[PDB]
Amino acid sequence: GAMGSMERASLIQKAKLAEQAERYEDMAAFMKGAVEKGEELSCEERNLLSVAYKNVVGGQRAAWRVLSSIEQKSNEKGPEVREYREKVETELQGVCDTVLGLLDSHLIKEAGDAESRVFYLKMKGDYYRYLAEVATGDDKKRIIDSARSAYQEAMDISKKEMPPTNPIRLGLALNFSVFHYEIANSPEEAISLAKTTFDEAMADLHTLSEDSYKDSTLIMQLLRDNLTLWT
Amino acid sequence: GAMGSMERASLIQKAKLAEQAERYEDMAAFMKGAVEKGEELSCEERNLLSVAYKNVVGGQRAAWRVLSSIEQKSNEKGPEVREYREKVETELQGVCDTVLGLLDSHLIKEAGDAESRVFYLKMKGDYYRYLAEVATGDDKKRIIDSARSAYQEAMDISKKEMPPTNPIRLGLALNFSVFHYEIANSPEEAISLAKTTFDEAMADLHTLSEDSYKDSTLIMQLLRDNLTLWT
Amino acid sequence: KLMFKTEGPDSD
Amino acid sequence: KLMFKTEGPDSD
Ligand SMILES: N=C(N)c1cc(-c2ccccc2)c(N)s1
Ligand SMILES: N=C(N)c1cc(-c2ccccc2)c(N)s1
Ligand SMILES: [Cl-]
Ligand SMILES: [Cl-]
Ligand SMILES: [Mg+2]
Ligand SMILES: [Mg+2]
Ligand SMILES: [Mg+2]
Ligand SMILES: [Mg+2]
């Protein structure tokens, strides 16, 4: 890749600079280069990878929704709205495929600790979910099942190996609940998962330091925010 | 160019869609394609061109300033900060060169009405000013004089051909005053230009409709904002 | 579209 | 850096 000649440590340093500069495409390219060095990622490095791509795909998702809404209104002016929505959609799919490619080659298979493996399987579920948001053809069901499968494996590991307040476990459950609500069209499963996750975390907060308490309650509030909208 | 096969009208339509989607790099590419069709631009099209590139270069300028500040602190960790600041700087310079290239080939020379010619000469001054913000070498003085020359020609036309409330004239004077203050290191010239511009516009507001009054006073308030910080 | 809360940067 | 007001989108 175009980052092949740069040192791993320099790529990490520049990813952190890119984050400070709000240059998220650069940040993602630097972290992709770091992954392609072939070494496992530390906790901080995994978070840099995720933050970078989350910001890139987030811009694409927001743009796609704007264009999709305009397109739907135009169907209630020529091919241009569809063409441009398709252009953004294809770039979004490309980013998701890139992330999934990094996870499959070879981040997941080398991830043995729960904190790394759950993190990567959650990401796999997330990027299949972003693909599902735009999917319409004969593969939509298979994309949805790929998201479900990744989230389910992550859930199974997280429940065996992490406390119920673990922020990775909490963010996984949050995202899987949203998958249920609006991708799988299982709102009851979404509500049940969010409630059970919130309540089991509540009951474990007493074990935490002040700093860990803050980390866990931040994500618990996101579960509550969704439950308030859903019930 | 990569837009050579797309109709002019479709490029304009897609630039407007890209604006709604906050996809400013796309918006700029579509408008560059539209310019390269070789026809003059309407008022709305000129504004699409300017808004697109202003958003692109604005992100680059903000990132450059973050990195420059980090670099300056590091000089009061290796080559990475300088390298990455240089990377962003080179991309920023590339965008400015692209805009200047469109103005020189051939937007300015075909612009005969005051509204178009002043608009383009103001843009020329602006993009040389953005180059000047990052310039350090033996060409910095020449870049500054190129900005000055473009702004001065625009000013001369605007004072002969436009009323003192004309929003193009006002935004030109605003930007030229900022050029004076912090590029030419002429704060007194900046203050004098901003004051005279504000006062002459004030005295012409009585001629305007309610809608034109709103357009002019919006830019007058920017002049006032700067004068408040400068005096 | 109404977007529900998910983990990490709310970048969309 | 303190940036002064200039015309158009305040995109930086
Ligand atoms: N750059 C970021 N946005 C983040 C960094 C870390 C981190 C993880 C372990 C150690 C130090 C920092 C996050 N949890 S997010
Ligand atoms: N898309 C934009 N950000 C702008 C469009 C126009 C405009 C000019 C003449 C006619 C209609 C619209 C501006 N002045 S800004
Ligand atoms: Cl397109
Ligand atoms: Cl670099
Ligand atoms: Mg090495
Ligand atoms: Mg498609
Ligand atoms: Mg044609
Ligand atoms: Mg340089």
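For every chain, the first residue of the written sequence is numbered 1 and the count continues from 1 onward along that sequence, whatever numbering the entry uses; residues with no coordinates are hidden. Whichever chain is written first becomes A and whichever ligand is written first becomes 1, with later ones labelled in order. Just so you know, side-chain values use all the structure's heavy atoms and leave hydrogens and water out. Residues with missing side-chain atoms are left out of burial classes, side-chain pairs and their counts.

- Method information in the entry identifies X-ray crystallography as the source of the structure, with 1.300 Å recorded as the resolution.

- Under the annotation held in the PDB entry, chain A carries the name 14-3-3 protein sigma and is attributed to Homo sapiens.
- According to the record, the entry carries the title "Fragment AZ-003 binding at the p53pT387/14-3-3 sigma interface".
- UniProt positions are given in the numbering used here, feature names are shortened, and annotations may be inferred rather than shown by experiment. Among the UniProt annotations of chain A, the heading Sequence similarities holds the following wording: "Belongs to the 14-3-3 family."

### Concerning empty space enclosed by the protein
So, step 1. Put simply, the largest cavity is a space of about 50 Å³.
So, step 2. Lining the largest cavity are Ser50, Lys54, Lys122, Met123, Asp126, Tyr127 and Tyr130 of chain B together with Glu7 of chain D.
So, step 3. Helix and strand assignments come from DSSP, with helices taken as H or I runs of at least 4 residues and strands as E runs of at least 2, each series counted from the N terminus. Per element, the largest residue contribution to the lining of the largest cavity is five residues, and it comes from helix 5 (residues 114-134) of chain B.
So, step 4. Class assignment of the residues belonging to the lining of the largest cavity gives a composition of three nonpolar, one polar and four charged. Here a cavity denotes a set of grid points, spaced 1 Å apart and computed over the protein atoms alone, in which a 1.4 Å probe fits but from which it cannot get out, and a pocket denotes an open set meeting protein on both sides within 12 Å along at least five of seven lines; residues with an atom within 4 Å of a point are reported as lining. Grid points are joined across faces, edges and corners, and a volume is the space filled by probe spheres set on the points. Polarity classes work like this: nonpolar for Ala, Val, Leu, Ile, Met, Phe, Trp, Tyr, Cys and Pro, charged for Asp, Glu, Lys and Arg, and polar for all others, with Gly in that last group.

### Remarks on the nonpolar core
So, step 1. What makes a nonpolar core is a set of buried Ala, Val, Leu, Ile, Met, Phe, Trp, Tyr and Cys residues whose side-chain atoms join them at distances within 4.5 Å. Throughout, exposure labels follow a simple rule: accessible area from a 1.4 Å probe, protein chains only, divided by the maximum for the residue type, with under 20% read as buried, over 50% as exposed, and the rest as partly exposed. Membership of the largest hydrophobic core comes to 126 residues, with the highest contact counts inside it found for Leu49, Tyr120 and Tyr127 of chain A together with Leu49, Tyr120 and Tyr127 of chain B.
So, step 2. When checking whether two residues touch, look at their non-hydrogen atoms; a contact exists if any pair is within 4.5 Å. Leave out the neighbours within four places in its chain, and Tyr120 of chain A touches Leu41, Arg46, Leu103, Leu107, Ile108 and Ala111 of chain A.

### As for the interface of chain B and chain A
You'll often see interface size given as the accessible area lost when the parts meet.
So, step 1. Tallying the contact residues gives 24 residues for chain B and 24 residues for chain A.
So, step 2. Those elements that provide at least two residues to the side of chain B that touches chain A are helix 1 (8-20), helix 2 (24-35), helix 3 (43-74) and helix 4 (80-110) of chain B.
So, step 3. In terms of residue count, helix 4 of chain B provides more of the side of chain B that touches chain A than any other element does, seven residues in total.
So, step 4. For the side of chain B that touches chain A, the class distribution of residues is twelve nonpolar, four polar and eight charged.

### Focus on the site of ligand 1
All names here are of chain A.
So, step 1. Every residue near ligand 1 is listed here: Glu19, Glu44, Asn47, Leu48 and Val51.
So, step 2. We call two N or O atoms a polar contact when they sit within 3.5 Å, provided that within protein one can donate a hydrogen and the other can accept it, with sequence-adjacent residues counted only if both atoms are side-chain atoms. Side-chain polar atom of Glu19 to a nitrogen atom of ligand 1: 2.7 Å apart, as the coordinates give it.
So, step 3. We get accessible surface area from the Shrake-Rupley algorithm with a probe of 1.4 Å; when it comes to residues, only the shown protein chains can shield them. Within the complex, the protein chains bury 52% of what would otherwise be the 380 Å² of accessible surface of ligand 1.
So, step 4. Among the elements that take part in the shell around ligand 1, helix 3 (residues 43-74) stands out by supplying four residues, more than any other.
So, step 5. In terms of residue class, the shell around ligand 1 is made up of two nonpolar, one polar and two charged. By convention in this text, a residue qualifies as near a molecule or strand provided that one of its non-hydrogen atoms is within 4 Å of it.

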